[PDB]
Number of protein chains: 2
Amino acid sequence: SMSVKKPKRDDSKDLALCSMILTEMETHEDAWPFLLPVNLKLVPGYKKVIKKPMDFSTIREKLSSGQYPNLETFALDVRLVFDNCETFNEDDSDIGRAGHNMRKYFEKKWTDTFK
Amino acid sequence: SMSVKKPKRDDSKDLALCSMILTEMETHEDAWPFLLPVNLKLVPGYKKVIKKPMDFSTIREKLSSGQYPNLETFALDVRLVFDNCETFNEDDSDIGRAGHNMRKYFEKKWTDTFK
Ligand SMILES: CO[C@H](O)CCc1ccc(O)cc1
Ligand SMILES: CO[C@H](O)CCc1ccc(O)cc1
């Protein structure tokens with residue numbers, strides 16, 4: 001509360017560490033469905049169904065331009081990518097499996113890096 | 001943003017300074033309408049009309065028990081006292097004038113102490 005602070009966790013390296021993690025995401029062989037925005041003009045249903053589209057290039061732009069106020073907002077956007085993927089794609093599809101693989105991949109790097 | 005911090009204003013004395021200011025509020029001769037909660041069982045209209053009743057003793061209790069997360073939440077409750085007073089009392093009444101005097105009194109101590 002007022003004049004009562006929790007010990008401040010060191011966050012000075014978060015920007016660099018999230019960038020590193022995103023780089024490993026981008027270079028994963030199953031990253032291809034998530035590198036660019038889904039094309040809203042060509043994919044039926046997607047614009048109406050997926051209220052908040054997200055992808056790695058958009059996350060990269062936001063990270064590079066100071067649009068994540070903290071660790072958690074970055075993680076929320078990464079998870080949003082995979083939540084969207086689950087909403088729109090069957091689990092037993094190439095893209096569906098990609099999403100599951102990438103989410104697993106992310107959450108490990110996230111745990112290892114910050115926990 | 002992430003790993004980009006504004007210079008941190010020193011807030012370690014805020015709890016003590018707000019306590020000092022509240023003490024001067026409490027000891028002001030026109031503080032008497034605001035020292036204790038308005039009696040909701042005896043004052044017609046007050047419970048229905050005034051959605052968030054506030055008074056100095058309640059503010060004192062909240063301050064002493066770590067219920068203000070920061071400077072501003074404390075100031076919001078003090079102002080709430082006088083906003084309520086304006087809502088319920090005519091300007092040309094003893095209590096009405098008291099409220100105006102106390103608000104002026106507070107805002108000066110607030111400006112002088114933290115600005
Ligand atoms: C993250 O990528 C997408 O969700 C792809 C959605 C999609 C599925 C099948 C198609 O033929 C076209 C687009
Ligand atoms: C902050 O004190 C109050 O607003 C008092 C409201 C009130 C006005 C006249 C009365 O006869 C009783 C209560």
Side-chain angles (χ1 to χ4, degrees), chain A residues 1-4 6-7 9-12 14-27 34 52 54-83 105-114, chain B residues 1-4 6-7 9-12 14-27 34 52 54-83 105-114:
Chain A
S1 63
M2 209 188 318
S3 307
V4 180
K6 255 213 213 62
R9 175 208 168 258
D10 178 24
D11 61 4
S12 59
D14 290 358
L15 185 52
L17 293 169
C18 290
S19 184
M20 166 203 111
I21 289 172
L22 188 60
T23 293
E24 303 185 89
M25 304 290 276
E26 291 160 335
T27 60
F34 315 109
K52 305 181 195 179
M54 184 57 54
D55 69 287
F56 297 166
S57 72
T58 300
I59 295 171
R60 171 67 69 189
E61 178 65 35
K62 288 180 67 178
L63 193 63
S64 290
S65 58
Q67 296 190 63
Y68 294 115
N70 58 43
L71 266 200
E72 297 314 323
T73 55
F74 168 83
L76 284 176
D77 262 1
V78 174
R79 283 165 192 153
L80 177 55
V81 173
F82 305 132
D83 289 345
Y105 192 72
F106 170 71
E107 296 299 347
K108 168 116 163 69
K109 299 267 171 275
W110 189 254
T111 296
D112 298 341
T113 304
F114 297 114
Chain B
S1 63
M2 209 188 318
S3 307
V4 180
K6 255 213 213 62
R9 175 208 168 258
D10 178 24
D11 61 4
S12 59
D14 290 358
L15 185 52
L17 293 169
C18 290
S19 184
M20 166 203 111
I21 289 172
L22 188 60
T23 293
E24 303 185 89
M25 304 290 276
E26 291 160 335
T27 60
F34 315 109
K52 305 181 195 179
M54 184 57 54
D55 69 287
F56 297 166
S57 72
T58 300
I59 295 171
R60 171 67 69 189
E61 178 65 35
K62 288 180 67 178
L63 193 63
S64 290
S65 58
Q67 296 190 63
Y68 294 115
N70 58 43
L71 266 200
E72 297 314 323
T73 55
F74 168 83
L76 284 176
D77 262 1
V78 174
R79 283 165 192 153
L80 177 55
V81 173
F82 305 132
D83 289 345
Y105 192 72
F106 170 71
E107 296 299 347
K108 168 116 163 69
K109 299 267 171 275
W110 189 254
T111 296
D112 298 341
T113 304
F114 297 114

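Labels below follow one simple rule: chain letters A, B, ... track the order of the sequence lines, proteins then strands, and each chain is numbered from 1.
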Handout entry: chain A contact residues among residues 58-66 of chain B, heavy-atom distance under 4.5 Å
Key =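 Result: B:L63, B:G66.
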Problem - Backbone N/O of B:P69 and side chain of A:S1: donor-acceptor pair under 3.5 Å - result: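 No: the side chain of A:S1 does not pair with the backbone of B:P69.
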Handout entry: Spacing of A:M2 atom CE and B:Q67 atom CD [to the nearest 0.5 Å]
Key =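 Rounded to the nearest 0.5 Å, the CE-CD separation comes out at 11.0 Å.
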Problem - Approximate separation, where rounding is to 0.5 Å, of A:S3 OG and B:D10 CG - result: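 Reported to 0.5 Å precision, the distance equals 8.5 Å.
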Exercise for the section: For B:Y105, check side-chain hydrogen bond (donor to acceptor under 3.5 Å, both in side chains) against everything at least two apart and list the hits. Expected result: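 Listed in chain order: nothing, the list is empty.
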